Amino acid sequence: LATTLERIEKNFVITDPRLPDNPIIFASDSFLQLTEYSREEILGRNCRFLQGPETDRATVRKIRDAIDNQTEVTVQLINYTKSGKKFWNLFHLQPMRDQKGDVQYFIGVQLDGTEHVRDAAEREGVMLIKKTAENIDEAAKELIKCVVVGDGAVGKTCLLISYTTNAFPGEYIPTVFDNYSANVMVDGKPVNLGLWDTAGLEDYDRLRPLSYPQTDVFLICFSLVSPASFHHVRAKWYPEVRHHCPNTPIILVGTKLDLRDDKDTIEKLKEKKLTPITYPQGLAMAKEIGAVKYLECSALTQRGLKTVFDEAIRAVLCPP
């Protein structure tokens, strides 16, 4: 079918207006190059970070008004790179609607230059960016939406960071919402996967479901070394997901696989009169909640990590 997003060699972002402050959920390589930001630095944030001292605030208000009214707009305004380099941005914004006809995303295309353009030059630029926006809209239809839920501190953010950047973040900072992207080869075909990271904390219960509409697959995560997090799969995560999304495939993911055989961890659990969750126990839970797959992984060693996302995609593309 249609091209994937990574083949569109233009500056653009896609945002999710259902989440607080309409954050970026996809950014093109060209946009990264233009703006000097890393992908993780800007995914999960509102695009206003591009603005600065010389930006015309009236023009910014036009953009806000268009977003609020869910209509397209085309403007020119001064923006800045991460290092403070000024550029002119011939900017086009348009809503992307789902099958029903409701707004699902906003698409924004930037044509960068060194001055405000007019007459013929303006007309040419506007035509180019509008065409680009239409190509993005077609390609974005196949963006797979995967939402990751589970208790606080089970490793949701670490596994996303490990998978998408091969690093390990370490120092625990609780998440509100954040987003990650991956282009994954599945049976020799490129697939764009969007990953919505969410807050495990119960006090975020009223916000979390803002991420749920139009989800293609859920990963419900629990730590293999926290029996409480495992029990919460049955008591909390499964029922919450099913309440909003009765028919969406779930993959059950056991995290921190590397700690299941860790001597200190086993000893600490023993002090609490507990033991790690075993593979057979995790599998039985998966069957209980009707998960299409049960998988184990470590963000630290990356063991099993690739398979998680490969199977998330297959759960959507290859539904038996």
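Numbers for residues come from their place in the sequence shown, where the first is 1.
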**Prompt:** Do the C-alpha atoms of 127-135 or of 105-113 have the higher average B factor in the entry?
**Reply:** 127-135
**Message:** Tell me which stretch has the larger mean Cα B-factor in this entry, 117-125 or 227-235.
**Reply:** 117-125
**Request:** Compare the CA B factors listed in the entry for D197, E171, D205, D216 and report the winner.
**Result:** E171
**Most elevated Cα B-factor in the entry, residues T81, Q94, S162, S211** = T81
**Complete:** Split the chain's modelled residues into thirds by Cα B-factor; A312 lands in the highest
**Prompt:** So where's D16 on the chain's Cα temperature factor ranking, which third?
**Reply:** lowest
**Message:** Using the temperature factors of the C-alpha atoms in this entry, rank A153 within its chain: lowest, middle or highest third.
**Reply:** lowest
**Request:** Would you mind ranking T301 by its C-alpha B-factor against the rest of the chain and naming the third, lowest, middle or highest?
**Result:** highest
**Message:** Lowest, middle or highest third: which one holds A140 when the chain's residues are ordered by CA B-factor from the entry?
**Reply:** middle
